[PDB]
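Asker: Chains as they are written, first to last, in our numbering: chain A, 2 to 219; chain B, 1206 to 1421.
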Amino acid sequence: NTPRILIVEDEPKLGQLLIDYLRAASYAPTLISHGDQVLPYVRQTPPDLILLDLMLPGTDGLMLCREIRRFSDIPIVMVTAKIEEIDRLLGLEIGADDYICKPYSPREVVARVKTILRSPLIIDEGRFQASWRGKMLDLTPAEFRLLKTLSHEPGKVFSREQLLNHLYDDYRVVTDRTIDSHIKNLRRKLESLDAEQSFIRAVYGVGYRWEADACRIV
Amino acid sequence: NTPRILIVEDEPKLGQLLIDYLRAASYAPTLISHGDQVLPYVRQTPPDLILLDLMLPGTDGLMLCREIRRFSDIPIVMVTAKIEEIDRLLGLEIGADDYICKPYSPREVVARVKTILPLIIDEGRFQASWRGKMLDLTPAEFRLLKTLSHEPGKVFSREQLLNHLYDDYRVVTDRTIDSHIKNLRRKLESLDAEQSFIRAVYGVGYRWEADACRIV
């Protein structure tokens, strides 16, 4: 159960070469000698991608290309020139000032084929963004760290000193404000989206507590 | 004073074509057709970049490039590309499932070549620069720099500079005015020292003490 690729190529040597490269890339290559055979094959045995050699000038490639596109939206890679290997490049050491423009290699053909074939509170710490009921929140890095801290352990009272230590451990957080300022600001932005939800409770000298749902981390 | 680029191409049409495209990009192109000519040219008249076609007769470009790389670290682009296929495909509608496999065009290499190659404020792309050198400024530092330097000698209180940071929607920080000013001055003094940029007086405000900003 791997992606199958139909190679429409007349030249037998290159045809086999593309088969060798594609099969080695864990694909299922199939070769066709152009002509009438192509169309019914695409209808009965549809591939996941069509590698088509437009024998330019010819125009017979483009005509077949246009014919296939009429009844199917299967991706077609229109080969313009003659695909050749460059084994001279293999083993070549690339420095910091050595820029090698990509060749017209069967390797690069395989490469392009690979490219073509590819809790109301949600917090993503990979991109550092949060959302309440789907609505995005515009938070400063401190308001974010406090949001994730409280919402991860809901019903847990965090003292003002504890939250500071979560802000200290989080570089990308530099703050001249106080904890009370942030909590109000974060709550203000949360109440902007809801106003019907009890988000953060503040008991002086005791600490802050998240009184909403547990954040879902992505 | 523009970047000099050496083109090593044996094919005359593509050679002249690369010259035209590169010169149009405000560069200084020089074409060499033979492999025995380039090496002494790289010595006597060193270019800023070498556009080297991998496939030229007489001597292969790889033994040619290994030679240049031995006595210079000038950036070398290894070209394996040809002319572009216009007219044949001109007018064709390229769908989301239509992928064109074609060799690099002389337009594309010039594109790739380009990639390899006192106070001014461009409020468009939101950047600044002092004495040529660009400034890495946070949205608050930028807004503060423009506000202060637009009117040198004028005193803004911290209450007023807060009004500006509040009216700027690019600005979202956890820092105060005093920190941004300390920062903005720290980055300016990192460039050229002994030049007094911002003066801060408590209870009075802040004052830009240098030349005015040149906008856009």
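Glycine included, each C-beta is placed from N, C-alpha and C at the ideal position.
What residues in its chain sit with their C-beta under 6 Å from that of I124 of chain A, if we drop five residues either side in the sequence?
Answerer: Sequence index remark: in the first sequence, residue 124 of chain A carries index 123 (1-based). Hits under 6 Å: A131, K149, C216 and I218.
Asker: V1421 of chain B by DSSP, collapsed to three states: which one?
Answerer: In the second sequence, residue 1421 of chain B corresponds to position 216, counting from 1. Coil at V1421 of chain B, not helix or strand.
Asker: Whole alpha helix (DSSP H) runs in the segment 1316 to 1381 of chain B with 4 or more residues, listed along the chain?
Answerer: As far as the segment 1316 to 1381 of chain B is concerned, its whole alpha helix (DSSP H) runs of at least 4 residues are 1344 to 1354 and 1363 to 1372.
Asker: Just list the residues that DSSP pairs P1234 of chain B with in beta bridges.
Answerer: Indexing the second sequence from 1 puts residue 1234 of chain B at position 29. Answer is B:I1210, bridged to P1234 of chain B.
Asker: One question on the structure: do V110 of chain A and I84 of chain A come within less than 8 Å of each other, judged by their Cβ atoms?
Answerer: Within the first sequence, residue 110 of chain A is the residue found at index 109, counting from 1. Within the first sequence, residue 84 of chain A is the residue found at index 83, counting from 1. Against a cut-off of 8 Å, the Cβ pair of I84 of chain A and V110 of chain A comes out as a contact.
Asker: So with Cβ pairs under 8 Å, would you call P1245 of chain B a contact of chain A?
Answerer: Indexing the second sequence from 1 puts residue 1245 of chain B at position 40. By this cut-off, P1245 of chain B is not an interface position.
Asker: Check whether the Cβ atoms of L1396 of chain B and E1346 of chain B sit closer than 8 Å, and answer yes or no.
Answerer: The sequence position of residue 1396 of chain B within the second sequence is 191, counting from 1. The sequence position of residue 1346 of chain B within the second sequence is 141, counting from 1. Result no, Cβ atoms of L1396 of chain B and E1346 of chain B do not sit closer than 8 Å.
Asker: Using a Cβ-Cβ cutoff of 8 Å, what residues of the segment 1283 to 1297 of chain B are near chain A? List them in chain order.
Answerer: Within the segment 1283 to 1297 of chain B, the residues whose Cβ lies closer than 8 Å to some Cβ of chain A are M1283, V1284, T1285, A1286, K1287, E1290, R1293, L1294 and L1297, listed in chain order.
Asker: Under 7 Å from any heavy atom of the ligand FMN, does the C-beta of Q130 of chain A make it?
Answerer: The ligand FMN is not among the ligands present in this structure, which contains no ligands whatsoever.
Asker: Helix, strand or coil: how does DSSP classify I201 of chain A here?
Answerer: Counted from its first residue, the first sequence places residue 201 of chain A at position 200. DSSP places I201 of chain A in strand when its eight states are reduced to three.
Asker: Mind listing the chain B neighbours of residue 1 of chain A? Cutoff is C-beta to C-beta under 8 Å, in chain order.
Answerer: Given a span of 2 to 219 for chain A in the structure shown, any question on residue 1 of chain A remains unanswerable.
Asker: Please tell me whether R178 of chain A has its Cβ less than 8 Å away from any Cβ of chain B.
Answerer: For the purposes of this step, residue 178 of chain A is taken as the residue at position 177 of the first sequence. Yes, its Cβ sits closer than 8 Å to a Cβ of chain B.
Asker: For a contact meaning CB atoms closer than 8 Å, what does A143 of chain A contact in chain B?
Answerer: Counting from one through the first sequence, the residue named residue 143 of chain A turns up at place 142. Residues of chain B passing the Cβ test: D1379.
Asker: Name the chain B residues that come within less than 7 Å of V110 of chain A, Cβ to Cβ?
Answerer: On the first sequence, position 109 is the one that residue 110 of chain A refers to. Going along chain B in sequence order, the residues near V110 of chain A (Cβ under 7 Å) are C1306.
Asker: Please determine if the segment 1207 to 1215 of chain B and the segment 1251 to 1258 of chain B are in contact, where contact requires at least 3 C-beta pairs separated by less than 8 Å.
Answerer: In short, these stretches touch, since the Cβ pair count reaches three.
Asker: By DSSP, does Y1246 of chain B sit in helix, in strand, or in coil?
Answerer: To locate residue 1246 of chain B, count along the second sequence from 1; it is residue 41. It is helical.
Asker: When you compare the segment 163 to 172 of chain A with the segment 91 to 109 of chain A, are there three or more beta-carbon pairs, one atom per stretch, that lie closer than 8 Å?
Answerer: As far as the Cβ criterion goes, the segment 163 to 172 of chain A does not touch the segment 91 to 109 of chain A, which means the pair count is below three.
Asker: Have a look at B:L1219, B:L1340, B:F1402 and B:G1266 and flag the residue whose alpha-carbon is nearest the alpha-carbon of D1241 of chain B.
Answerer: Reading the second sequence from its first residue, position 36 is the one you call residue 1241 of chain B. It is B:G1266 whose Cα lies nearest to the Cα of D1241 of chain B.
Asker: Where do the N-terminal and C-terminal ends of the alpha helix (DSSP H) with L19 of chain A fall, by residue?
Answerer: Numbered from 1 along the first sequence, position 18 holds the residue referred to as residue 19 of chain A. From DSSP, the alpha helix (DSSP H) with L19 of chain A extends over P13 to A25.
Asker: Which residues bound the alpha helix (DSSP H) around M64 of chain A?
Answerer: Walking along the first sequence from the start, residue 64 of chain A turns up at place 63. Here the alpha helix (DSSP H) through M64 of chain A covers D61 to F72.
Asker: Quick check on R1330 of chain B - is its C-beta less than 8 Å from some C-beta in chain A?
Answerer: On the second sequence, position 125 is the one that residue 1330 of chain B refers to. So, not an interface residue.
Asker: For a cutoff of 8 Å on Cβ pairs, would you count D170 of chain A as touching chain B?
Answerer: Locating residue 170 of chain A in the first sequence gives position 169, counting from the first residue. Chain B contact via Cβ: absent.
Asker: Determine the chain A residues that contact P1280 of chain B at a beta-carbon separation under 7 Å, and present them in chain order.
Answerer: Reading the second sequence from its first residue, position 75 is the one you call residue 1280 of chain B. Chain A residues near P1280 of chain B: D98 and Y100.
Asker: Please list, in chain order, the chain A residues whose beta carbon lies closer than 9 Å to that of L1227 of chain B.
Answerer: Looking up residue 1227 of chain B in the second sequence gives position 22. Those within 9 Å of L1227 of chain B in chain A number zero; the least Cβ separation is about 15 Å.
Asker: How would you call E1214 of chain B, buried or exposed, if buried means at least 16 neighbouring beta carbons within 10 angstroms?
Answerer: Working through the second sequence from its first residue, we reach residue 1214 of chain B at position 9. By the 10 Å Cβ count, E1214 of chain B comes out buried.
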